């Protein structure tokens, strides 16, 4: 690989940055105890320097010293059910399908797009991406592509595990029934015309009452430990091993959803993609372990549910946008399943667990249309920095406090680079939000403007630092797991209540820009948090906001309102004179 290896930040740089990031997010007392804790950990000849030495060694022996640690910490270790908690959804524009054939024609074409896109992939014919935005021109890592269709996430009791065959095939799910659709014989990739024909056969078969099998997919929408256990039960029978193996070895799935009941709003269409609406809608017409699940609903609701561990939103969207821009026949096989009274019980639990997730998701698509990048650029500001500050102002004006915030910073500059964290809850953002919201202080508007720019200055400074591998989250993560390898009892540095708080991201954000008329979204990462995915355009900014109804403190409608208001105030501050 001609790409640089992810840098190893100097120990003292990270420890200083660490403390600086949290000072204003914890009490004075607690902060004093942490300074002391950090001081000892980072003292000369201390424990910190010892771990750093191990890290430099690991760096030299590996391609990317955090891939393993990060992949397990961020996704494989998480026990929450994938729907909403982990697996994001990309929603395509609304389609219009008068007759079933219009739905199946779409699905056929889409599948042909997948095939040829997998061809370019297999022949490394895909053009190597370059940076754009913040520090642009350099080559980017492409490894994430080659994870799009070649992955499956196996459940495990405490830790999940991430992952050619012949014939090559896709699994088509209709009416919660799973079918095997071979798409490539001997490098012969079926015609869009024959794929259509095969799909009509599946739809017909999935409508036979005497053959209808139990909704096994439902099992994959359950907590990872629960699915690991129920799968252990299935594995006892040979017929189930077989079908599971088939699902495990497919390219992706193609879900032919039944007509959704509600209105086809952007919000409702997204709900359908995130969780399918529960077991009574399309909630079982899935298999979350698989990487990509392309949805082609009868009514026109389409998109693709994605299993996060193998790749991130940027890569996914380029493939997706490429897919859409592109846009003797044996019968398809139906996967068999041999259920027992055990499985019947498990399907019941999953059904109830999945209903809570659907019942608990408070989601909304907000499109800000007063202005976009263009206006922001006219203020000598980074659109993303501006938007990140906007979100801080929204959280504070609504909740009266700032909280540890997360923002996906892509590090694909380096080998196997995924992402590091940009902590937007800066001290300069606290001073800005306090000046704007504290009426009593009567801070002059000209002063608010200064603080606004200073805030946008710190966000951009952290961003630059994060995308160049000099941030602090991955670094600390690596130091933590190395120490654990030394002794199961972690140092006080990582048992400190301060370190623990810094990682509960009550505000989890990311940017997924797209040229098309599609958008990305996902659930919060903590019970009392928000999920904010935005798409900044020249004149608009699309906000996808999520939170949990279980937390009386959060509200996606109120937060969206608060974002609008924050963007308006900032436009006003910038239009003074």
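Numbering follows the first chain given and starts at 1. Each form is matched to the other, and the largest set of C-alpha atoms that superpose within 1.5 Å is called the rigid core.
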| said: Rigid core superposition, C-alpha RMS per stretch in 6 other deposited structures of this protein: which comes out larger, 179 to 187 or 251 to 259? | reply: 179 to 187
| request: Report the stretch with the higher root mean square CA deviation, pooled over structures and residues in 6 other deposited structures of this protein, choosing between 470 to 478 and 119 to 127 after a rigid core fit. | output: 119 to 127
| said: Can you check if residue 133 is missing its coordinates in at least one third of the other PDB entries compared, counting only those that model the residues either side of it? | reply: yes
| Quick one: is residue 444 left out in at least a third of the other entries we compared? | no
| said: Between residue 142 and residue 143, how many residues of the deposited sequence have no coordinates in this entry: none, 1 to 3, 4 to 9, or 10 or more? | reply: none
| According to the PDB entry, how many deposited residues between residue 163 and residue 164 are absent from the model (none, 1 to 3, 4 to 9, 10 or more)? | 4 to 9
| task | Mind pulling up the entry and telling me whether 501 to 509 or 106 to 114 has the higher mean Cα temperature factor? | result | 106 to 114
| query | Which is higher on average in the deposited entry, the C-alpha temperature factors of 117 to 125 or of 492 to 500? | reply | 117 to 125
| field | Options 413, 94, 401, 475 - largest CA temperature factor per the record | value | 94
| Taking the values straight from the PDB record, which of 182, 362, 384, 407 has the highest C-alpha temperature factor? | 182
| Chain thirds of CA B-factor: placement of residue 241 | highest
| field | Where the record places residue 526 (Cα B-factor, split into thirds across the chain) | value | lowest
| remark: Binned into thirds over the chain's modelled residues, the C-alpha B-factor of residue 423 lands in the lowest
| Which third of the chain holds residue 3 when residues are ordered by C-alpha B factor: lowest, middle or highest? | highest
| message | What third of the chain does residue 225 rank in for C-alpha temperature factor, lowest, middle or highest? | response | middle
